[PDB]
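First comes the structure, then the notes that go with it.
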Amino acid sequence: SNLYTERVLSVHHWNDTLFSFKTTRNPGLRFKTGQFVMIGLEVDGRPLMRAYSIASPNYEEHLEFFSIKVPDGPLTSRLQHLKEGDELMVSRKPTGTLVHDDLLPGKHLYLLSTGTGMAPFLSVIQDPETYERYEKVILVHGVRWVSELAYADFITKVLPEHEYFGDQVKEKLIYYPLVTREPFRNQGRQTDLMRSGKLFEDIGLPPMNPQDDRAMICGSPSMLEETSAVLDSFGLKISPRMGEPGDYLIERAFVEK
Ligand SMILES: Cc1cc2nc3c(=O)[nH]c(=O)nc-3n(C[C@H](O)[C@H](O)[C@H](O)COP(=O)(O)OP(=O)(O)OC[C@H]3O[C@@H](n4cnc5c(N)ncnc54)[C@H](O)[C@@H]3O)c2cc1C
Ligand SMILES: NC(=O)c1ccc[n+]([C@@H]2O[C@H](COP(=O)([O-])OP(=O)(O)OC[C@H]3O[C@@H](n4cnc5c(N)ncnc54)[C@H](OP(=O)(O)O)[C@@H]3O)[C@@H](O)[C@H]2O)c1
């Protein structure tokens with residue numbers, strides 16, 4: 001099989017349905033920030049592979065994945081049990097549309113996500129190129145429960161202290177977690193908050209316009225479609241195809257199987 005077999009380095013469970021893990025990374029595995037790759041486990045004679053956004057920075061020699069834990073999900077029912085040292089199959093060629101090159105120059109980069117959709121954005125917010133290209137980077141992470149706001153500490157406390165671009169992070173990264181079913185400082189769906197302009201008021205930024213604002217949307221199919229429409233409502237135009245820069249990019253965080 002032409003798959004990499006990486007080794008789990010660490011695992012961290014965020015809550016009952018979310019966990020992340022880091023694995024070794026084959027030097028041959030190159031990827032652009034935002035991309036996903038197939039990862040999985042050998043099950044009953046065949047790799048059980050699923051598309052996974054690489055949540056780690058593309059210049060670090062390890063991979064990190066932010067994962068859902070579906071009770072009876074073929075892969076995650078097993079993946080949730082990953083432990084240090086475990087093998088993880090990883091495909092050789094990443095892919096995906098959430099890449100910097102396909103966003104026209106702009107001033108603000110909105111990373112609109114829900115659930116595990118924040119995964120590729122974890123890579124984005126750790127990518128120096130993100131800060132080279134934007135004045136502001138807004139990571140919106142919409143979840144149902146506060147416990148699902150995975151990486152909170154990393155985003156708000158660790159990343160800003162990053163030895164090399166923590167200053168860029170402090171100056172440019174706005175983290176806007178959103179919770180919809182539990183008391184939280186920022187309540188609601190980002191679609192609604194953007195339509196009302198509340199999201200931008202909350203983060204101290206002007207409403208979006210096609211000239212200044214770019215976005216990457218990664219979330220549930222439903223959110224993806226509606227958020228895309230919201231951005232369209234502001235006059236932004238999605239990149240029509242890879243290699244063809246646009247105002248925003250989208251990728252489903254998952255698909256209903
Ligand atoms: C481009 C792309 C990138 C992806 N990146 C990630 C990632 O970084 N992390 C991750 O956990 N998953 C990601 N997914 C989903 C992932 O590929 C699998 O669906 C996941 O790993 C669950 O596999 P499964 O075999 O356990 O359950 P599956 O049979 O895949 O899915 C079972 C059911 O789980 C729900 N489901 C699956 N994945 C999710 C999810 N992430 N969040 C909420 N509900 C979900 C749906 O209701 C689905 O029908 C991605 C999917 C695509 C298409
Ligand atoms: N197929 C879909 O499009 C879809 C979408 C959402 C959930 N689900 C189901 O519920 C499970 C958990 O899905 P999830 O991972 O994304 O967790 P989720 O909790 O269901 O969604 C996380 C966040 O996304 C928000 N959201 C949902 N729909 C939205 C929309 N159209 N626009 C903007 N924000 C939206 C939710 O608000 P609310 O609390 O108001 O829902 C919540 O804050 C999935 O495994 C799936 O079975 C499916």
Side-chain angles (χ1 to χ4, degrees), residues 11 13-23 31 34-41 43 46-56 63-82 88-91 93-99 110 112-124 140-151 176-184 186-196 198-199 215-231 233 242 249-257:
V11 183
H13 287 263
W14 299 105
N15 74 355
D16 290 353
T17 63
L18 298 163
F19 76 117
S20 295
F21 48 96
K22 291 183 180 192
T23 75
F31 72 102
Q35 295 185 319
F36 69 86
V37 68
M38 304 300 291
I39 66 173
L41 309 161
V43 177
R46 288 293 190 282
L48 184 44
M49 312 289 296
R50 296 287 183 272
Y52 264 76
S53 309
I54 295 164
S56 49
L63 299 172
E64 180 177 357
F65 296 101
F66 173 32
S67 174
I68 188 77
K69 285 182 291 183
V70 183
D72 296 318
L75 177 66
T76 60
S77 62
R78 290 158 179 283
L79 200 73
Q80 64 182 152
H81 299 299
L82 279 178
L88 176 80
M89 310 298 273
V90 181
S91 62
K93 198 149 167 179
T95 195
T97 58
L98 304 184
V99 297
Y110 281 86
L112 307 176
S113 70
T114 61
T116 57
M118 178 175 69
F121 301 154
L122 292 172
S123 194
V124 173
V140 180
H141 186 209
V143 297
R144 181 183 300 188
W145 311 114
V146 180
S147 68
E148 293 169 327
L149 293 175
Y151 293 91
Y176 192 67
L178 282 169
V179 173
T180 44
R181 309 192 195 171
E182 220 159 41
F184 193 69
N186 304 144
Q187 310 271 29
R189 293 185 169 191
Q190 58 204 100
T191 45
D192 300 328
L193 297 164
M194 296 162 64
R195 283 191 287 263
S196 74
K198 184 61 163 52
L199 184 150
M216 287 189 180
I217 311 179
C218 188
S220 66
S222 165
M223 175 271 182
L224 214 70
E225 177 174 66
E226 184 171 5
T227 307
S228 295
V230 168
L231 300 186
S233 85
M242 253 178 263
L249 298 162
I250 75 183
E251 183 181 272
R252 290 171 298 180
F254 68 87
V255 68
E256 290 299 338
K257 306 290 180 78

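Computation of the quantities below employed the complete heavy-atom set of this structure, encompassing side-chain atoms and omitting hydrogens, waters and symmetry-equivalent molecules. Count residues from 1 along the sequence. For ligands, and for the atoms within them, numbers begin at 1 and follow the listed sequence.
Distance check, rounded to the nearest 0.5 Å: OG of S220 to CD of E226 gives 9.5 Å. With values rounded to the nearest 0.5 angstrom, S123 atom OG is found 14.0 Å from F36 atom CZ. Here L224 contributes atom CG and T191 contributes atom OG1; the two are 11.5 Å apart, rounded to the nearest 0.5 Å.
For atom 40 (O) of ligand 2, the closest non-hydrogen atom of the protein is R189 NE, 2.9 Å. For atom 23 (C) of ligand 2, the nearest protein heavy atom (residue, atom name, distance) is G142 O, 3.4 Å. The protein non-hydrogen atom at the shortest distance from atom 3 (O) of ligand 2 is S222 N, 2.7 Å.
Here the closest non-hydrogen pair linking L75 and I39 is CD2-O, 3.8 Å.
Residue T180 places at least one N or O, backbone or side chain, under 3.5 Å from an N or O of ligand 2. For ligand 2, the polar-atom distance check against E148 finds no nitrogen or oxygen pair separated by under 3.5 Å.
Every atom of ligand 2 is numbered from 1 in the order shown, and the set under 4.0 Å from a heavy atom of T114 is 24 (O). Those atoms of ligand 2 that come under 4.0 Å of a heavy atom in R181, given as number and element, are 38 (P), 39 (O), 41 (O). Shown in contact with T191 at under 4.0 Å from a heavy atom are these atoms of ligand 2, numbered in order with element: 32 (N), 33 (C). Within ligand 2, the atoms closer than 4.0 Å to a non-hydrogen atom of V143 are 22 (C), 23 (C), 42 (C), 43 (O), numbered from 1 in the order shown. Taking every non-hydrogen atom of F254 and a distance limit under 4.0 Å, the qualifying atoms of ligand 2 come out as 4 (C), 13 (O), 15 (O), 16 (O), 44 (C), 48 (C).
Here the side chains of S53 and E251 are in contact, with some heavy-atom distance below 4.5 Å. For the pair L122 and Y151, the minimum side-chain heavy-atom distance is below 4.5 Å.
A donor-acceptor pair is defined here as one N or O able to donate and one able to accept, closer than 3.5 Å; no such pair exists between the side chain of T114 and the backbone of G219.
Under 4.0 Å from ligand 1, heavy atoms of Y52 appear from its side chain as well as its backbone. Of the heavy atoms in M223, both backbone and side-chain atoms come closer than 4.0 Å to ligand 2. When heavy-atom distances to ligand 1 are checked against a 4.0 Å cut-off, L75 comes that close through both its backbone and its side chain. Of the heavy atoms in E226, only side-chain atoms (C-beta onward) come closer than 4.0 Å to ligand 2.
When the options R252, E256, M118 are ranked by their closest heavy atom to atom 52 (C) of ligand 1, first place goes to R252. Residue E256 holds the heavy atom nearest to atom 4 (C) of ligand 2 of all those in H141, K257, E256. In this comparison of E182, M194, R144, the heavy atom closest to atom 20 (O) of ligand 2 sits on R144. For atom 8 (O) of ligand 1, the nearest non-hydrogen atom from the set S53, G73, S20 belongs to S53. Proximity annotation for atom 41 (N) of ligand 1: of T95, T116, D72, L48, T116 comes nearest, heavy atoms only.
The aromatic rings of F21 and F65 lie tilted to each other, with the angle between the two planes from 30° to 60°. Aromatic ring pairs are classed by plane angle as parallel below 30°, tilted from 30° to 60° and perpendicular above 60°; the pair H141 and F66 is perpendicular.
The residues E148 and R181 are annotated as not salt-bridged, no charged nitrogen and carboxylate oxygen being separated by less than 4.0 angstrom.
Ligand 2 has no atom lying under 4.0 Å from any heavy atom of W145. The shortest separation from a heavy atom of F66 to ligand 1 is under 4.0 Å, placing the residue in contact. Heavy-atom separations between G96 and ligand 1 are all 4.0 Å or longer.
In the displayed structure, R252 atom CZ is contacted under 6.0 Å by at most 12 heavy atoms of other residues, nucleotides or ligands. Residue-environment remark: NZ (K69) exceeds the threshold of 12 foreign heavy atoms within 6.0 Å.
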